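Take a look at the structure set out below.
Here the Cβ positions follow ideal geometry from the backbone for every residue, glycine too, while neighbour counts run over all protein chains shown. Just so it is clear, none of the values below were taken in a lab; they were calculated from the coordinates.
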Amino acid sequence: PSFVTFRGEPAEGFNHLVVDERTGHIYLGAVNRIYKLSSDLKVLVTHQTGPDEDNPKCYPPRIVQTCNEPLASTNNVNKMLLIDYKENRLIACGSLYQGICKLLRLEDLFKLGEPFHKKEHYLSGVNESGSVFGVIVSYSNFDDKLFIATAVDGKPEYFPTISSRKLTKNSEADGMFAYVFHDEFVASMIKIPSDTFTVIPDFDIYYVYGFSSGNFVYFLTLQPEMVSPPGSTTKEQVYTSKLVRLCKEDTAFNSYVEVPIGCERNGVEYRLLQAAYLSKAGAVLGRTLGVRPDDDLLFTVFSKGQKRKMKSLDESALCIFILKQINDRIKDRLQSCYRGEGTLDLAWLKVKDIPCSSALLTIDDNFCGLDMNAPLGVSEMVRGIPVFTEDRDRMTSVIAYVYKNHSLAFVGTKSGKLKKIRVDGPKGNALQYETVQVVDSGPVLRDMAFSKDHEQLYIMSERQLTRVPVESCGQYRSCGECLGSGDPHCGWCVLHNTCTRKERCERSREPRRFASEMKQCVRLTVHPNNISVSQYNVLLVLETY
Amino acid sequence: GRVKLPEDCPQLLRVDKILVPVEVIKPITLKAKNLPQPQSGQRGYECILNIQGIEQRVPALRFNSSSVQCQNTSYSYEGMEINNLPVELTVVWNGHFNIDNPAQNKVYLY
């Protein structure tokens, strides 16, 4: 069988992918292109975002004002892509405009609007794809907004790295991408200080993954050497991967928190986030994990060491974080600051260390942040629970989902292969199967999403999107073989005499209809085991259980 | 996109006379109705001034369905023959598409 795929319609490039929960239509961000595809990966519609005459150096791009520097036709990279269901559209933020964002209609990809005029309308000069992320959160009218983080490239005055912005109903409206609350003193945005730039020239925050949880917004980020590694003057840059969080409700931006994150395997350090995916455990993992049904979990992928964010190392490890545990670390940290102990310790933001002020407070998970002991960092790096480690071929991406309570994890590789891992710390075992639906020579991207029905998993490559089905038990002919393979998806559908998943077996719910363990098979015996050649039409009795 | 009624058509509405001094950098705001949002494969708006001496092509921004503005630029005509020279202006988008100008509003270069 062959896997259904979409070749780079522009054979030329590819960057981001997302699935519409209701339709199953797949939208694909790319350089100079944004595509709308069917569940089957047929081309529904192609939008030309591309090649625009422009220059990165110029501030307000050519349209607003004249630029002395020479222009050249350059490629517009889709930095981000986010589905706005309520608005019935797609926010497809590009670059090469000083980062102007575009709005495409959901069904046809008709350009509803693309605000260029104001400064807020420009997100970032940064040309790199995937270095940006964010979430769209919506409520009924008179309650709403967009949270987005992006790299600056040393543009600190022009753009904020993290911001809370407005998304008006009308795409034509001027108001778009305006800050939720702007005050002369404080605005719902966080800028990088000029002082920090002078000290370390290159400092920049790259945002890999982002998700909304409960009533907060988290970001997995990469930053530069600031007290790590120690160094008197500039020289080499190494990165520290950290977690960021904000209250959805905090216009002030007081809630900002930032903990370094990683995990270690037998004395080997894995500091750099490649990708992450928030998900549910399902009954199996949750129980042994000790969680409530609602509680979330965060699968992640990290490379070894602090070196070369641009081109990381092959050594990579899939770790895990329970949100309850991270929430605890944050609460623990806050309850501490409220003690008045130590400093805030956030190097890039505050050069001069300000002390934490003690105060009487009931420290809860609900705590949104206060005026004093304002944005703060974290001392203790939060360690994660390791799961699978690949030395030979680096993991690029990850996804996970709940199936019949068993938790299946998906992991992209540098090779263009997907691993189907049942996580069984809470259960007991490891990796079930590996597949090369994708692209035999070269890698898979972080945007890897399961379909709404959860039948398939769209796997994106630089070149192509591939619809990889989540099991291929049919290959197994007999109950003995089916249960023999062990890849957890497979069971013996007794009456059908075929090997497939629980969902696939009709009436599997009923007793002895479906066999999970070899014992359940099938066992057969014949009373006259031996019959002579000379004999004919002998009566035989068969015992089957 | 459909236009059933004549009132709804894409056209430029008039404002107080557009006065333009020669050799001065000035923006020219315009008002209009039912300006289309350019669709895929379609470029943005430009202001074209038909001056016999020199025809100027200045790109513009369509803020909404009813307002436009040519970017900061200066205009001139050679001759110093006459103080007030009215000039026909054509608003175009996607290169060739000229928006209708019923009033046939002009720019006065003085």
If unit charges are put on Cβ atoms (+1 for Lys and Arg, -1 for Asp and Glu) and the dipole of chain A is taken about its Cα centre, the option from A:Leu90, A:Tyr433, A:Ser188 lying farthest towards the positive end turns out to be A:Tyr433
Once the mean of 1/r over all distinct C-alpha pairs in the protein assembly as shown is inverted, the Kirkwood radius in Å reads 28.4 Å
Going fewest to most other Cβ atoms within 10 Å around each Cβ, A:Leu81, A:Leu323 line up as A:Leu323, A:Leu81
About its Cα centre, the stretch A:200-273 carries a charge dipole, from +1 on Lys and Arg Cβ atoms and -1 on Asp and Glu Cβ atoms, whose size in debye to the nearest 20 is 180 debye
Taking the dipole of the protein assembly as shown about the Cα centre (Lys, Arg +1; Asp, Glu -1; charges at Cβ), the one of A:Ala283, A:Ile148, A:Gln325 that reaches farthest to the positive side is A:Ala283
In debye to the nearest 20, the charge dipole size for chain B, taken about the Cα centre with +1 at each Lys and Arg Cβ and -1 at each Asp and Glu Cβ, equals 480 debye
Of the listed links A:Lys242/A:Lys350; A:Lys331/A:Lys427; A:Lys169/B:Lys4, those spanning more than 24 angstrom between alpha carbons are A:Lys331/A:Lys427; A:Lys169/B:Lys4
Dividing the mean separation of Cα pairs under 8 Å (6+ apart) by the residue count of the stretch A:51-193 yields a relative contact order in percent of 16 percent
When the charge dipole of chain A is computed with +1 at the Cβ of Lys and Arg and -1 at the Cβ of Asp and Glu, the Cα pointing farthest to the positive end, of A:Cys490, A:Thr198, A:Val4, is that of A:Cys490
CD proxy, 222 nm, the protein assembly as shown: helix-only mean residue ellipticity via -39,500 (n - 2.57) per DSSP H run with n ≥ 4, per residue, nearest 500, stands at -1500 deg cm²/dmol
Too long for a 20 Å Cα-Cα cut-off, among A:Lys36/A:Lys311; A:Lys324/A:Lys452; A:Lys79/A:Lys235; A:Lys420/A:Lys452; A:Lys235/A:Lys307, are A:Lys36/A:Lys311; A:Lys324/A:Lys452; A:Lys79/A:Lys235
For B:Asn84, the net charge from surrounding residues (Cβ-Cβ under 13 Å; K, R +1; D, E -1) works out to +1
Other residues with Cβ under 13 Å from the Cβ of A:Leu106 give, with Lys and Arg +1 and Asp and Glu -1, a net charge of 0
